[PDB]
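Data from structure-v8.pdb: PDB, C-alpha atoms
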ATOM      1  CA  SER A   1     110.809  99.267  79.593
ATOM      2  CA  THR A   2     110.336 100.076  83.265
ATOM      3  CA  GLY A   3     109.421  98.343  86.504
ATOM      4  CA  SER A   4     108.028  99.501  89.835
ATOM      5  CA  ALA A   5     107.669  97.450  93.019
ATOM      6  CA  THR A   6     106.704  98.262  96.576
ATOM      7  CA  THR A   7     109.273  97.534  99.258
ATOM      8  CA  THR A   8     108.089  96.851 102.809
ATOM      9  CA  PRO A   9     109.915  96.882 106.155
ATOM     10  CA  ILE A  10     110.216  93.382 107.630
ATOM     11  CA  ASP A  11     109.503  94.500 111.179
ATOM     12  CA  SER A  12     108.622  97.508 113.345
ATOM     13  CA  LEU A  13     112.248  98.686 113.418
ATOM     14  CA  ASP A  14     112.848  98.780 109.641
ATOM     15  CA  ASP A  15     115.616  96.190 110.127
ATOM     16  CA  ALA A  16     115.417  95.440 106.399
ATOM     17  CA  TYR A  17     113.044  95.760 103.462
ATOM     18  CA  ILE A  18     111.488  93.056 101.285
ATOM     19  CA  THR A  19     110.271  93.393  97.723
ATOM     20  CA  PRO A  20     108.256  90.745  95.860
ATOM     21  CA  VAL A  21     110.010  89.112  92.911
ATOM     22  CA  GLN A  22     108.529  86.709  90.372
ATOM     23  CA  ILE A  23     110.824  83.800  89.431
ATOM     24  CA  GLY A  24     110.157  81.073  86.887
ATOM     25  CA  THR A  25     107.205  79.836  84.856
ATOM     26  CA  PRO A  26     104.598  79.744  86.255
ATOM     27  CA  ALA A  27     105.714  82.533  88.547
ATOM     28  CA  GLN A  28     106.981  81.724  91.998
ATOM     29  CA  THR A  29     106.862  84.900  94.073
ATOM     30  CA  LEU A  30     109.570  85.321  96.695
ATOM     31  CA  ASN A  31     110.179  88.330  98.947
ATOM     32  CA  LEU A  32     113.767  89.389  98.457
ATOM     33  CA  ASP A  33     116.048  91.866 100.184
ATOM     34  CA  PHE A  34     117.226  94.285  97.486
ATOM     35  CA  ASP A  35     120.865  94.903  98.361
ATOM     36  CA  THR A  36     122.905  97.604  96.648
ATOM     37  CA  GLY A  37     125.914  96.347  98.621
ATOM     38  CA  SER A  38     126.139  92.931  96.957
ATOM     39  CA  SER A  39     125.728  91.378  93.531
ATOM     40  CA  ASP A  40     124.178  87.937  93.881
ATOM     41  CA  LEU A  41     120.511  87.075  93.425
ATOM     42  CA  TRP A  42     120.099  84.071  95.703
ATOM     43  CA  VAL A  43     117.050  82.322  97.080
ATOM     44  CA  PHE A  44     115.899  79.780  99.593
ATOM     45  CA  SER A  45     115.007  76.756  97.524
ATOM     46  CA  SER A  46     113.866  73.161  97.374
ATOM     47  CA  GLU A  47     117.607  72.355  97.540
ATOM     48  CA  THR A  48     118.176  74.150 100.849
ATOM     49  CA  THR A  49     119.081  71.873 103.764
ATOM     50  CA  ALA A  50     115.713  71.196 105.404
ATOM     51  CA  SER A  51     116.829  72.068 108.945
ATOM     52  CA  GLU A  52     117.968  75.464 107.662
ATOM     53  CA  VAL A  53     114.524  76.421 106.332
ATOM     54  CA  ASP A  54     112.066  77.931 108.856
ATOM     55  CA  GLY A  55     109.092  79.734 107.336
ATOM     56  CA  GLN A  56     110.679  81.114 104.181
ATOM     57  CA  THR A  57     109.090  80.730 100.781
ATOM     58  CA  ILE A  58     111.228  78.536  98.530
ATOM     59  CA  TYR A  59     112.024  78.510  94.840
ATOM     60  CA  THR A  60     111.538  75.070  93.310
ATOM     61  CA  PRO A  61     113.377  75.019  89.977
ATOM     62  CA  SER A  62     111.943  71.645  88.971
ATOM     63  CA  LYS A  63     108.492  73.271  88.834
ATOM     64  CA  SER A  64     109.686  76.032  86.505
ATOM     65  CA  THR A  65     109.517  75.229  82.803
ATOM     66  CA  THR A  66     111.999  78.013  82.036
ATOM     67  CA  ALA A  67     114.590  77.009  84.671
ATOM     68  CA  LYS A  68     117.879  75.617  83.359
ATOM     69  CA  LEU A  69     120.715  74.349  85.539
ATOM     70  CA  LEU A  70     123.884  76.332  84.846
ATOM     71  CA  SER A  71     126.299  73.462  84.478
ATOM     72  CA  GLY A  72     129.137  73.393  86.957
ATOM     73  CA  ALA A  73     128.297  76.764  88.499
ATOM     74  CA  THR A  74     128.407  77.309  92.236
ATOM     75  CA  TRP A  75     128.287  80.319  94.525
ATOM     76  CA  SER A  76     129.245  81.195  98.069
ATOM     77  CA  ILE A  77     128.949  84.525  99.822
ATOM     78  CA  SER A  78     129.765  86.025 103.215
ATOM     79  CA  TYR A  79     128.314  89.344 104.295
ATOM     80  CA  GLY A  80     129.678  92.134 106.485
ATOM     81  CA  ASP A  81     127.377  91.033 109.306
ATOM     82  CA  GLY A  82     128.962  87.563 109.430
ATOM     83  CA  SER A  83     126.120  85.763 107.674
ATOM     84  CA  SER A  84     126.694  83.485 104.662
ATOM     85  CA  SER A  85     125.085  81.159 102.118
ATOM     86  CA  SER A  86     126.061  78.948  99.177
ATOM     87  CA  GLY A  87     124.712  76.640  96.490
ATOM     88  CA  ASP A  88     124.224  76.028  92.768
ATOM     89  CA  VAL A  89     122.842  78.164  89.942
ATOM     90  CA  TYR A  90     119.924  78.155  87.535
ATOM     91  CA  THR A  91     119.008  80.597  84.827
ATOM     92  CA  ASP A  92     115.346  81.538  84.813
ATOM     93  CA  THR A  93     112.901  84.336  84.113
ATOM     94  CA  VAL A  94     112.825  86.994  86.811
ATOM     95  CA  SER A  95     110.380  89.898  86.980
ATOM     96  CA  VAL A  96     110.298  92.856  89.334
ATOM     97  CA  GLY A  97     107.321  95.149  89.312
ATOM     98  CA  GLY A  98     106.489  94.392  85.677
ATOM     99  CA  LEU A  99     110.070  94.417  84.364
ATOM    100  CA  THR A 100     111.209  91.045  83.044
ATOM    101  CA  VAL A 101     114.676  89.548  82.524
ATOM    102  CA  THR A 102     115.048  86.208  80.790
ATOM    103  CA  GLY A 103     118.132  84.124  81.505
ATOM    104  CA  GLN A 104     118.774  85.719  84.905
ATOM    105  CA  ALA A 105     121.160  83.757  87.117
ATOM    106  CA  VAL A 106     119.146  82.580  90.128
ATOM    107  CA  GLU A 107     121.445  81.271  92.807
ATOM    108  CA  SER A 108     119.742  78.435  94.655
ATOM    109  CA  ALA A 109     120.886  77.975  98.255
ATOM    110  CA  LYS A 110     121.973  74.547  99.449
ATOM    111  CA  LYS A 111     123.202  76.027 102.744
ATOM    112  CA  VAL A 112     122.377  79.230 104.644
ATOM    113  CA  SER A 113     123.752  80.493 107.957
ATOM    114  CA  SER A 114     121.655  80.699 111.093
ATOM    115  CA  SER A 115     120.747  84.377 110.809
ATOM    116  CA  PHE A 116     119.018  83.705 107.480
ATOM    117  CA  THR A 117     117.184  80.672 108.842
ATOM    118  CA  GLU A 118     116.070  82.711 111.851
ATOM    119  CA  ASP A 119     114.547  85.435 109.683
ATOM    120  CA  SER A 120     111.332  84.005 108.243
ATOM    121  CA  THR A 121     110.554  87.181 106.297
ATOM    122  CA  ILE A 122     113.499  87.180 103.870
ATOM    123  CA  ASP A 123     113.383  84.582 101.099
ATOM    124  CA  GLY A 124     116.699  85.665  99.591
ATOM    125  CA  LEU A 125     118.704  88.637  98.314
ATOM    126  CA  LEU A 126     118.667  90.542  95.042
ATOM    127  CA  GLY A 127     122.036  92.195  94.573
ATOM    128  CA  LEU A 128     122.265  95.609  92.944
ATOM    129  CA  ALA A 129     125.957  96.468  93.337
ATOM    130  CA  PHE A 130     128.289  95.993  90.384
ATOM    131  CA  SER A 131     128.520  92.619  88.701
ATOM    132  CA  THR A 132     132.262  92.474  89.416
ATOM    133  CA  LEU A 133     131.285  91.374  92.965
ATOM    134  CA  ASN A 134     129.142  88.433  91.811
ATOM    135  CA  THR A 135     130.379  85.228  93.440
ATOM    136  CA  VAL A 136     129.349  82.660  90.819
ATOM    137  CA  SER A 137     132.211  80.391  89.830
ATOM    138  CA  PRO A 138     133.742  79.541  87.431
ATOM    139  CA  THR A 139     131.775  81.991  85.280
ATOM    140  CA  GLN A 140     130.726  85.223  87.020
ATOM    141  CA  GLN A 141     127.106  86.207  86.440
ATOM    142  CA  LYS A 142     125.375  89.547  85.942
ATOM    143  CA  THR A 143     122.968  91.293  88.309
ATOM    144  CA  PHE A 144     119.307  91.784  87.501
ATOM    145  CA  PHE A 145     119.959  95.488  86.850
ATOM    146  CA  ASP A 146     122.932  94.753  84.598
ATOM    147  CA  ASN A 147     120.802  92.336  82.557
ATOM    148  CA  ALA A 148     117.848  94.766  82.340
ATOM    149  CA  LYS A 149     119.821  97.935  81.728
ATOM    150  CA  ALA A 150     119.937  98.018  77.944
ATOM    151  CA  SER A 151     116.157  97.520  77.783
ATOM    152  CA  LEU A 152     115.301 100.228  80.304
ATOM    153  CA  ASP A 153     113.982 103.617  79.216
ATOM    154  CA  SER A 154     116.883 105.093  81.188
ATOM    155  CA  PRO A 155     119.728 103.040  82.732
ATOM    156  CA  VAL A 156     118.798 103.779  86.342
ATOM    157  CA  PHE A 157     117.031 102.446  89.358
ATOM    158  CA  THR A 158     115.788 104.371  92.367
ATOM    159  CA  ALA A 159     115.371 103.497  96.027
ATOM    160  CA  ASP A 160     112.650 105.228  98.031
ATOM    161  CA  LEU A 161     112.658 103.469 101.394
ATOM    162  CA  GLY A 162     109.976 104.320 103.913
ATOM    163  CA  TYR A 163     110.308 105.077 107.605
ATOM    164  CA  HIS A 164     107.973 102.627 109.320
ATOM    165  CA  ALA A 165     106.073 102.483 106.032
ATOM    166  CA  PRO A 166     106.209 101.002 102.556
ATOM    167  CA  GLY A 167     108.352 102.508  99.828
ATOM    168  CA  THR A 168     109.304 101.864  96.224
ATOM    169  CA  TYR A 169     112.033 100.526  93.962
ATOM    170  CA  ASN A 170     111.722 101.817  90.397
ATOM    171  CA  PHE A 171     113.685 100.614  87.390
ATOM    172  CA  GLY A 172     114.200 102.629  84.251
ATOM    173  CA  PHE A 173     112.670 105.982  85.230
ATOM    174  CA  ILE A 174     112.735 108.803  87.779
ATOM    175  CA  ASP A 175     109.408 109.511  89.448
ATOM    176  CA  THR A 176     109.555 113.282  89.697
ATOM    177  CA  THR A 177     106.606 113.321  92.120
ATOM    178  CA  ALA A 178     108.497 111.179  94.661
ATOM    179  CA  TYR A 179     110.862 113.855  95.975
ATOM    180  CA  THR A 180     111.068 117.537  96.805
ATOM    181  CA  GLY A 181     113.514 120.067  95.412
ATOM    182  CA  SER A 182     116.157 118.766  93.031
ATOM    183  CA  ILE A 183     118.282 115.640  92.812
ATOM    184  CA  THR A 184     121.962 116.342  93.519
ATOM    185  CA  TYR A 185     124.265 113.961  91.706
ATOM    186  CA  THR A 186     127.672 112.973  92.983
ATOM    187  CA  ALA A 187     130.579 110.921  91.641
ATOM    188  CA  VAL A 188     130.860 107.166  92.126
ATOM    189  CA  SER A 189     133.902 104.924  92.249
ATOM    190  CA  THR A 190     133.236 101.367  91.139
ATOM    191  CA  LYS A 191     136.776 100.254  92.025
ATOM    192  CA  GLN A 192     135.566  98.131  94.964
ATOM    193  CA  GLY A 193     132.379  97.019  93.194
ATOM    194  CA  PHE A 194     130.122  99.245  95.310
ATOM    195  CA  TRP A 195     128.125 102.409  94.824
ATOM    196  CA  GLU A 196     130.948 104.250  96.580
ATOM    197  CA  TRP A 197     130.824 108.031  96.909
ATOM    198  CA  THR A 198     132.090 110.887  99.066
ATOM    199  CA  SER A 199     129.820 112.833 101.347
ATOM    200  CA  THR A 200     130.838 116.450 101.866
ATOM    201  CA  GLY A 201     130.223 116.506 105.623
ATOM    202  CA  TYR A 202     127.701 116.419 108.425
ATOM    203  CA  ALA A 203     125.789 118.231 111.138
ATOM    204  CA  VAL A 204     124.302 117.050 114.436
ATOM    205  CA  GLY A 205     120.870 118.433 115.199
ATOM    206  CA  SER A 206     120.829 122.201 114.750
ATOM    207  CA  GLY A 207     124.631 122.350 114.975
ATOM    208  CA  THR A 208     126.934 123.906 112.424
ATOM    209  CA  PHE A 209     127.809 121.840 109.378
ATOM    210  CA  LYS A 210     131.289 120.311 109.371
ATOM    211  CA  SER A 211     132.816 120.190 105.902
ATOM    212  CA  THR A 212     134.778 116.962 105.691
ATOM    213  CA  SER A 213     135.073 114.231 103.098
ATOM    214  CA  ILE A 214     133.470 110.934 104.081
ATOM    215  CA  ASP A 215     133.974 108.100 101.590
ATOM    216  CA  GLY A 216     131.325 105.422 101.898
ATOM    217  CA  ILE A 217     128.877 103.162 100.124
ATOM    218  CA  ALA A 218     125.160 103.491  99.463
ATOM    219  CA  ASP A 219     123.973 100.147 100.795
ATOM    220  CA  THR A 220     120.286  99.285 100.972
ATOM    221  CA  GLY A 221     121.208  95.896 102.459
ATOM    222  CA  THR A 222     122.721  97.387 105.616
ATOM    223  CA  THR A 223     120.307  98.580 108.297
ATOM    224  CA  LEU A 224     122.334 101.250 110.041
ATOM    225  CA  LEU A 225     124.551 104.228 109.282
ATOM    226  CA  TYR A 226     128.234 103.436 109.900
ATOM    227  CA  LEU A 227     130.529 106.451 110.014
ATOM    228  CA  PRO A 228     133.983 107.363 111.361
ATOM    229  CA  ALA A 229     134.421 107.229 115.116
ATOM    230  CA  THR A 230     134.948 110.999 115.388
ATOM    231  CA  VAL A 231     131.616 111.690 113.680
ATOM    232  CA  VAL A 232     129.726 109.107 115.700
ATOM    233  CA  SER A 233     131.193 110.383 118.946
ATOM    234  CA  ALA A 234     130.081 113.915 118.050
ATOM    235  CA  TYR A 235     126.545 112.673 117.417
ATOM    236  CA  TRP A 236     126.111 110.637 120.610
ATOM    237  CA  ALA A 237     127.678 113.361 122.764
ATOM    238  CA  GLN A 238     124.434 115.272 122.137
ATOM    239  CA  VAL A 239     122.330 112.534 123.743
ATOM    240  CA  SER A 240     122.302 112.533 127.557
ATOM    241  CA  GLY A 241     123.304 109.150 128.893
ATOM    242  CA  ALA A 242     124.446 107.707 125.574
ATOM    243  CA  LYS A 243     127.539 105.523 125.681
ATOM    244  CA  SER A 244     129.466 103.040 123.631
ATOM    245  CA  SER A 245     128.925  99.581 125.083
ATOM    246  CA  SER A 246     131.492  96.884 124.284
ATOM    247  CA  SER A 247     129.147  94.195 125.604
ATOM    248  CA  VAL A 248     126.231  95.280 123.433
ATOM    249  CA  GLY A 249     128.475  96.108 120.478
ATOM    250  CA  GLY A 250     127.862  99.778 119.875
ATOM    251  CA  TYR A 251     126.325 102.990 121.094
ATOM    252  CA  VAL A 252     123.267 102.658 123.278
ATOM    253  CA  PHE A 253     121.116 105.393 124.751
ATOM    254  CA  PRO A 254     118.280 105.756 127.242
ATOM    255  CA  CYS A 255     115.010 104.821 125.565
ATOM    256  CA  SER A 256     113.474 107.930 127.168
ATOM    257  CA  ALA A 257     115.727 110.202 125.075
ATOM    258  CA  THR A 258     114.630 112.395 122.197
ATOM    259  CA  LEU A 259     117.309 112.014 119.551
ATOM    260  CA  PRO A 260     118.742 114.871 117.492
ATOM    261  CA  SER A 261     118.653 114.726 113.708
ATOM    262  CA  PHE A 262     121.743 113.958 111.659
ATOM    263  CA  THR A 263     122.499 115.765 108.411
ATOM    264  CA  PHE A 264     124.856 114.510 105.698
ATOM    265  CA  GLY A 265     126.185 116.427 102.724
ATOM    266  CA  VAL A 266     125.776 115.526  99.075
ATOM    267  CA  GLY A 267     127.770 118.153  97.263
ATOM    268  CA  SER A 268     126.268 121.476  98.403
ATOM    269  CA  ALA A 269     122.973 119.765  99.255
ATOM    270  CA  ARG A 270     121.933 118.393 102.621
ATOM    271  CA  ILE A 271     119.924 115.307 103.610
ATOM    272  CA  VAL A 272     118.382 115.438 107.083
ATOM    273  CA  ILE A 273     117.833 112.187 108.959
ATOM    274  CA  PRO A 274     115.191 112.831 111.640
ATOM    275  CA  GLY A 275     116.164 111.790 115.153
ATOM    276  CA  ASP A 276     113.433 109.145 115.332
ATOM    277  CA  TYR A 277     115.078 107.293 112.421
ATOM    278  CA  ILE A 278     118.107 106.693 114.656
ATOM    279  CA  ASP A 279     116.144 104.809 117.369
ATOM    280  CA  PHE A 280     116.432 101.007 117.032
ATOM    281  CA  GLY A 281     114.619 100.176 120.202
ATOM    282  CA  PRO A 282     115.446  98.186 123.309
ATOM    283  CA  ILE A 283     118.689  96.210 123.243
ATOM    284  CA  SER A 284     116.738  93.245 124.591
ATOM    285  CA  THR A 285     113.037  92.845 125.189
ATOM    286  CA  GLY A 286     111.883  95.028 128.061
ATOM    287  CA  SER A 287     115.153  96.927 128.443
ATOM    288  CA  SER A 288     115.178 100.697 128.865
ATOM    289  CA  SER A 289     118.506 100.868 127.007
ATOM    290  CA  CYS A 290     118.039 101.423 123.260
ATOM    291  CA  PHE A 291     120.333 100.659 120.351
ATOM    292  CA  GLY A 292     121.581 103.527 118.229
ATOM    293  CA  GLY A 293     121.140 103.783 114.484
ATOM    294  CA  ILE A 294     124.442 105.567 113.940
ATOM    295  CA  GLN A 295     127.465 103.426 114.754
ATOM    296  CA  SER A 296     131.226 103.504 114.251
ATOM    297  CA  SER A 297     132.694 102.082 111.067
ATOM    298  CA  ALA A 298     136.064 101.623 112.742
ATOM    299  CA  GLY A 299     137.066  98.039 112.089
ATOM    300  CA  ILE A 300     134.588  97.630 109.216
ATOM    301  CA  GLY A 301     137.130  99.314 106.998
ATOM    302  CA  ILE A 302     134.502 101.278 105.093
ATOM    303  CA  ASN A 303     131.750 103.773 105.871
ATOM    304  CA  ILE A 304     128.233 102.561 105.085
ATOM    305  CA  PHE A 305     125.257 104.749 104.225
ATOM    306  CA  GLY A 306     122.717 102.098 105.100
ATOM    307  CA  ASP A 307     118.960 102.257 105.397
ATOM    308  CA  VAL A 308     119.017 104.811 108.241
ATOM    309  CA  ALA A 309     120.532 107.321 105.815
ATOM    310  CA  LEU A 310     118.975 106.179 102.565
ATOM    311  CA  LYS A 311     115.399 106.183 103.858
ATOM    312  CA  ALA A 312     115.725 109.919 104.503
ATOM    313  CA  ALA A 313     116.229 110.429 100.756
ATOM    314  CA  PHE A 314     115.091 109.615  97.275
ATOM    315  CA  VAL A 315     118.169 107.875  95.862
ATOM    316  CA  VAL A 316     119.072 107.467  92.188
ATOM    317  CA  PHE A 317     121.459 104.694  91.238
ATOM    318  CA  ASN A 318     122.526 105.916  87.801
ATOM    319  CA  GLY A 319     124.034 103.115  85.734
ATOM    320  CA  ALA A 320     125.103 105.284  82.810
ATOM    321  CA  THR A 321     128.485 104.560  81.221
ATOM    322  CA  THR A 322     129.996 106.558  84.064
ATOM    323  CA  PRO A 323     127.802 105.671  87.053
ATOM    324  CA  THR A 324     126.737 108.362  89.517
ATOM    325  CA  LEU A 325     124.478 108.593  92.578
ATOM    326  CA  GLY A 326     121.685 111.089  93.058
ATOM    327  CA  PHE A 327     120.090 112.209  96.323
ATOM    328  CA  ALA A 328     116.968 114.286  96.911
ATOM    329  CA  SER A 329     115.013 115.167 100.008
ATOM    330  CA  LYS A 330     111.438 113.878 100.139
TER     331      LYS A 330
END

So, in terms of C-alpha cells, how does the structure I just supplied come out?
Amino acid sequence: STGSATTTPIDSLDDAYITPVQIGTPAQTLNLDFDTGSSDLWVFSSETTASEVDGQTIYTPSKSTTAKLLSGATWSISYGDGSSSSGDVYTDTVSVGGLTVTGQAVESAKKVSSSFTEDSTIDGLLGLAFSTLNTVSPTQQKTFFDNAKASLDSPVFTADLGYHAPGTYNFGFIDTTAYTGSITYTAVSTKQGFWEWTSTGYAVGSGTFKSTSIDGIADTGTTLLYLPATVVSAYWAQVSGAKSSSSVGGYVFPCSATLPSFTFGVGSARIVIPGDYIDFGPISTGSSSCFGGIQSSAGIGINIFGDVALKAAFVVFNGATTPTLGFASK
C-alpha cells in the first residue's frame, strides 16, 4: 500500500505545516502537524477542557463506531518549545492520504497548554519519530508509520515541504519526479529516538564550504534551523546590522536586508537553503526588526534541522531494518 497527502503551511511565515487526517468511522477529518521529532498522535477532542479549545476541530470518540477506549492508558508530553498536552487514549482507524491503519492509538487531549489553544489551525500532532519516544503509559504505543510499515510497498515516508506553498507527505514510495539529481543517503542513530544524523558541514552564501561534523535531528515539527553558535555567528556576520538579542530571544536582522543562502552537507552532496527561507518577518507587528530563521542550538542540547532546512530538500525517512535518511535537492 501507499498514501499521499498534501501538507499546507499554517500561515504566511511557514511557522508549521498541517496535513489532513481521517480518524474514526465515519471519518472525522482533523488537520495535524506531522512531527518527525516526536512519537505521539494526539488530538483536540470532545474531552478537552472547554476553555482550552479555541477554533480547533475536535475528535469525538463517542461518535466513532470503531473507537475503543484503551483501558488505563494515559499520555503526557512536553515539547522543546515549552508547550505540553495530556489525556487518555483510544484505538481507532486512522487514514492519511488513502493509507489506512486500524487499531492506531489516538491520544485524546484532556488538557493542552496555551500555545496550542492559541493556534486555531493545528488540531493535533502526528508523531513520526521512533516509537521508543511514545509517551503512553503504562503500555507504550506505536506511531502511525510503525503500524503501517509492514503493509507499505517500501518501508519509507517522504517529506516535501513547500516554501510559502503546499507540499506533500508520501508513505510507502519515492516520487522520482519530486526532486532533482539523486538522493544522498546518510546514517541515522536511533539511540535518542530521533531521526538523528551527521551533516558534513556548511557554507554561508557564496563562501567556501567548511567541512565539519554537525550531529542533529531531522525534525518537521520544529520551524527553524538550530545549529552550533559558531556556525550561526558565521551566518549572521554576513548580514549588515544583524545581532543576537537577549530580549527577543535570538538573532534579529533589519527587515530591509537581503539574506545570504545557507548550504548544509549531506555526505558529499549539498542542500542550499535560499536566503528568503531564513526570513521570519517582523519581531512584532509593524517592527522593522525581523526574526532570523537560523538560531543557536546552545542550551537546547541538540542541533535541529527543522522546516527551514527540510523545506529546501526532498527528504526520505527510510524505516528499513537499519534506518537511514535521504536528501535531494528539488

task = Please evaluate the PyMOL selection byres ((chain A and resi 314) around 9) against the structure above and give the resulting residues as an NGL selection string.
result = :A and (158-161 or 178-180 or 183 or 310-313 or 315-316 or 326-330)

key: Non-local contacts of stretch 228-237 of chain A (9 Å; all atoms listed in the file; under 6 positions in same chain excluded) as an MDAnalysis selection string   = chainID A and resid 202:205 214 243:244 251:253 259:262 292 294:298 302:303

Coordinates of box centre and edge lengths for stretch 247-265 of chain A, 8 Å on every side, axis-aligned, as lines of an AutoDock Vina configuration file:
center_x = 121.3
center_y = 105.3
center_z = 115.0
size_x = 31.7
size_y = 38.2
size_z = 40.5

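Distance-wise, atom CA of residue A:170 and atom CA of residue A:277 end up 22.9 Å apart.
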
key: Test item: residues at most 10 Å from stretch 19-33 of chain A, all atoms listed in the file, excluding those fewer than 6 positions along its chain, as a ChimeraX atom specification   = /A:5-10,41-44,56-67,91-102,104,106,121-127,166-169,220-221

Counting all atoms listed in the file, which residues sit no farther than 9 Å from the position (125.1, 78.2, 100.9) in the file's frame? I'd like them as a short mmCIF file (atom, residue, chain, number, x, y, z; two decimals) with C-alpha atoms, in the coordinates of the input.
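Written output follows (point.cif):
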data_model
loop_
_atom_site.label_atom_id
_atom_site.label_comp_id
_atom_site.auth_asym_id
_atom_site.auth_seq_id
_atom_site.Cartn_x
_atom_site.Cartn_y
_atom_site.Cartn_z
CA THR A 48 118.18 74.15 100.85
CA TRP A 75 128.29 80.32 94.52
CA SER A 76 129.24 81.19 98.07
CA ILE A 77 128.95 84.52 99.82
CA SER A 84 126.69 83.48 104.66
CA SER A 85 125.08 81.16 102.12
CA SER A 86 126.06 78.95 99.18
CA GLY A 87 124.71 76.64 96.49
CA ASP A 88 124.22 76.03 92.77
CA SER A 108 119.74 78.44 94.66
CA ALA A 109 120.89 77.97 98.26
CA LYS A 110 121.97 74.55 99.45
CA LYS A 111 123.20 76.03 102.74
CA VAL A 112 122.38 79.23 104.64
CA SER A 113 123.75 80.49 107.96
#

Expected answer as JSON, numbers by chain: all residues with atoms within 10 Å of (124.6, 109.7, 94.9), only C-alpha atoms = {"A": [183, 184, 185, 186, 187, 188, 195, 196, 197, 198, 199, 217, 218, 266, 267, 314, 315, 316, 317, 318, 323, 324, 325, 326, 327, 328]}

Kindly output stretch 278-292 of chain A as a PDB file, in the coordinates of the input, after building N, CA, C and O atoms.
ATOM      1  N   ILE A 278     116.872 107.168 114.057  1.00  0.00           N
ATOM      2  CA  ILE A 278     118.107 106.693 114.656  1.00  0.00           C
ATOM      3  C   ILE A 278     117.827 105.801 115.892  1.00  0.00           C
ATOM      4  O   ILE A 278     118.734 105.237 116.496  1.00  0.00           O
ATOM      5  N   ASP A 279     116.551 105.622 116.219  1.00  0.00           N
ATOM      6  CA  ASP A 279     116.144 104.809 117.369  1.00  0.00           C
ATOM      7  C   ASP A 279     115.863 103.374 116.917  1.00  0.00           C
ATOM      8  O   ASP A 279     114.938 103.144 116.140  1.00  0.00           O
ATOM      9  N   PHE A 280     116.674 102.415 117.370  1.00  0.00           N
ATOM     10  CA  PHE A 280     116.432 101.007 117.032  1.00  0.00           C
ATOM     11  C   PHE A 280     115.953 100.162 118.194  1.00  0.00           C
ATOM     12  O   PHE A 280     116.005  98.939 118.158  1.00  0.00           O
ATOM     13  N   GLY A 281     115.405 100.842 119.189  1.00  0.00           N
ATOM     14  CA  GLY A 281     114.619 100.176 120.202  1.00  0.00           C
ATOM     15  C   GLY A 281     115.438  99.450 121.244  1.00  0.00           C
ATOM     16  O   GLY A 281     116.672  99.435 121.204  1.00  0.00           O
ATOM     17  N   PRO A 282     114.747  98.824 122.196  1.00  0.00           N
ATOM     18  CA  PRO A 282     115.446  98.186 123.309  1.00  0.00           C
ATOM     19  C   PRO A 282     116.489  97.168 122.864  1.00  0.00           C
ATOM     20  O   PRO A 282     116.267  96.406 121.913  1.00  0.00           O
ATOM     21  N   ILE A 283     117.607  97.134 123.580  1.00  0.00           N
ATOM     22  CA  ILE A 283     118.689  96.210 123.243  1.00  0.00           C
ATOM     23  C   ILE A 283     118.260  94.756 123.421  1.00  0.00           C
ATOM     24  O   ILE A 283     118.748  93.864 122.729  1.00  0.00           O
ATOM     25  N   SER A 284     117.364  94.535 124.374  1.00  0.00           N
ATOM     26  CA  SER A 284     116.738  93.245 124.591  1.00  0.00           C
ATOM     27  C   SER A 284     115.340  93.548 125.057  1.00  0.00           C
ATOM     28  O   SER A 284     115.079  94.629 125.565  1.00  0.00           O
ATOM     29  N   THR A 285     114.436  92.588 124.909  1.00  0.00           N
ATOM     30  CA  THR A 285     113.037  92.845 125.189  1.00  0.00           C
ATOM     31  C   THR A 285     112.859  93.343 126.629  1.00  0.00           C
ATOM     32  O   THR A 285     113.351  92.739 127.586  1.00  0.00           O
ATOM     33  N   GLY A 286     112.176  94.473 126.763  1.00  0.00           N
ATOM     34  CA  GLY A 286     111.883  95.028 128.061  1.00  0.00           C
ATOM     35  C   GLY A 286     112.941  95.951 128.629  1.00  0.00           C
ATOM     36  O   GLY A 286     112.727  96.547 129.678  1.00  0.00           O
ATOM     37  N   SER A 287     114.088  96.058 127.967  1.00  0.00           N
ATOM     38  CA  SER A 287     115.153  96.927 128.443  1.00  0.00           C
ATOM     39  C   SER A 287     114.802  98.390 128.219  1.00  0.00           C
ATOM     40  O   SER A 287     114.131  98.734 127.240  1.00  0.00           O
ATOM     41  N   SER A 288     115.284  99.260 129.102  1.00  0.00           N
ATOM     42  CA  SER A 288     115.178 100.697 128.865  1.00  0.00           C
ATOM     43  C   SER A 288     116.436 101.293 128.220  1.00  0.00           C
ATOM     44  O   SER A 288     116.565 102.513 128.131  1.00  0.00           O
ATOM     45  N   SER A 289     117.354 100.436 127.781  1.00  0.00           N
ATOM     46  CA  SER A 289     118.506 100.868 127.007  1.00  0.00           C
ATOM     47  C   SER A 289     118.215 100.529 125.544  1.00  0.00           C
ATOM     48  O   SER A 289     117.821  99.403 125.227  1.00  0.00           O
ATOM     49  N   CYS A 290     118.405 101.514 124.669  1.00  0.00           N
ATOM     50  CA  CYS A 290     118.039 101.423 123.260  1.00  0.00           C
ATOM     51  C   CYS A 290     119.277 101.441 122.375  1.00  0.00           C
ATOM     52  O   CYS A 290     120.299 102.043 122.720  1.00  0.00           O
ATOM     53  N   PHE A 291     119.194 100.755 121.242  1.00  0.00           N
ATOM     54  CA  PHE A 291     120.333 100.659 120.351  1.00  0.00           C
ATOM     55  C   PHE A 291     120.323 101.787 119.340  1.00  0.00           C
ATOM     56  O   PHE A 291     119.313 102.063 118.724  1.00  0.00           O
ATOM     57  N   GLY A 292     121.475 102.426 119.160  1.00  0.00           N
ATOM     58  CA  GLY A 292     121.581 103.527 118.229  1.00  0.00           C
ATOM     59  C   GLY A 292     121.689 103.142 116.764  1.00  0.00           C
ATOM     60  O   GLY A 292     122.265 102.110 116.401  1.00  0.00           O
TER      61      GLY A 292
END
